[PDB]
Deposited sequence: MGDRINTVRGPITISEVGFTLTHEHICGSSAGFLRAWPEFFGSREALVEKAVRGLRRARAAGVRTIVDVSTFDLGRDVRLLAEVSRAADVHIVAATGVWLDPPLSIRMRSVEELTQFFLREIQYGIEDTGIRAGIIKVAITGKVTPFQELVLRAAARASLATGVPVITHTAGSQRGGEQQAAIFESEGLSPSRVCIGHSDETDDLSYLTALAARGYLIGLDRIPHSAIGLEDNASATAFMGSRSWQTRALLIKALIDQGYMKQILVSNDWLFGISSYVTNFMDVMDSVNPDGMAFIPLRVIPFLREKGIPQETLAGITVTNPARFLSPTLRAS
């Protein structure tokens, strides 16, 4: 098929090495436009993001998935500018993160479905840029509104073929909650990535999800500020026979306003490699532990392309 990016559709063969869970900027809807000086300037943030993406591209990355939603301050014009200047494909996201404003959290499941469909089928804002993934975040115990969001995401995925990525905040597991809801809606597990899965060491829980067909997002590796321990989960799942169900990423960004001021400086001090951490540190580490090149290319190239390719029949 073809995959929608912020610069238009691309073919599966163009996707290449893909980081499945990233952001350019973690913010709030409208905030970058209303207070760019919070980031120094818009120009300073663009320059930082372009340098960071060029560095990742020189380490082999060809595509990132920016999973920022409306309520995380997704600015698709920023994504398009950085994508062109860095020559890295960026897939944009619809969905709902953990800070929905009243105009979102007052909505019914049917209205949320129509919102997701608008961003996937017509475009984001007035840009014509279409989302290629649906991002949902939940908390420990799924709230009633978070359940609406998951069901709307399943309905939008079933209508368009685009995949869903999800994570549970403040709890190790929680994938079982989401899996139950997604399956009640008829969604195929092969369209769902259970993200932040490197945050738990319960390997039997991850193996059980993989066996049901879910993709396992090991996508917070550099956030253990031990990263080697998290990366060994990749090896463990390969050894259980589930190399085809693994997605790897950094969950990095280049500006952040939704937490404490200057939290970006904290993150940059613990991981100065940025989104190059996966290609420069994790892949060599796994190679040294005996994972073949062919398996590594399956995880970083084959698996993301299969996931992102719109598939209504899976």
> Quick one: where does the model skip the deposited sequence?
Replying inline: 1-2, 228-243, 333
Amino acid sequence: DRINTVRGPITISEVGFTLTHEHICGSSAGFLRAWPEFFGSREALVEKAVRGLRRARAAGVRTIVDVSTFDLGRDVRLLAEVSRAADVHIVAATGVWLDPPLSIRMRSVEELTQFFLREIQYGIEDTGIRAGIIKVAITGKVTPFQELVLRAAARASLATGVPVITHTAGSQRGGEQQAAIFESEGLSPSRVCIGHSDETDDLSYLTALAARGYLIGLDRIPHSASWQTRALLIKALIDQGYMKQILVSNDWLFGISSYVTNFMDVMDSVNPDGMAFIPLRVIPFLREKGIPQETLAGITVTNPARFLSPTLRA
From here on, numbers count along this sequence of modelled residues.
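Only the largest set of C-alpha atoms that superpose within 1.5 Å between the two forms is called the rigid core.
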>> Do the Cα atoms of 166-174 or of 230-238 sit farther, on average, from the shown structure in 5 other deposited structures of this protein when the rigid core is superposed?
In response: 166-174
> Is the mean CA B factor in the deposited entry higher across 54-62 or across 284-292?
Replying inline: 284-292
> Per the entry, where is the mean C-alpha temperature factor higher: 234-242 or 110-118?
Replying inline: 234-242
>> Just the C-alpha B-factor column, please: which of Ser103, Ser190, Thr166, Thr200 has the biggest number?
In response: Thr200
>> Just to confirm, going by the entry's C-alpha B-factors, which of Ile129, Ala180, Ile216, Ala156 comes out highest?
In response: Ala180
> According to the PDB entry, is the CA B factor of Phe145 in the bottom, middle or top third of its chain, that is, lowest, middle or highest?
Replying inline: middle
> In terms of the chain's CA B-factor thirds, is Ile278 lowest, middle or highest?
Replying inline: lowest
> For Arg173, does the deposited CA B-factor place it in the lowest, middle or highest third of the chain?
Replying inline: highest
> By the record's CA B-factor, is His196 among the lowest, middle or highest third of residues in the chain?
Replying inline: middle
> Compared with the other modelled residues in the chain, in which third is the CA B-factor of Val270?
Replying inline: highest
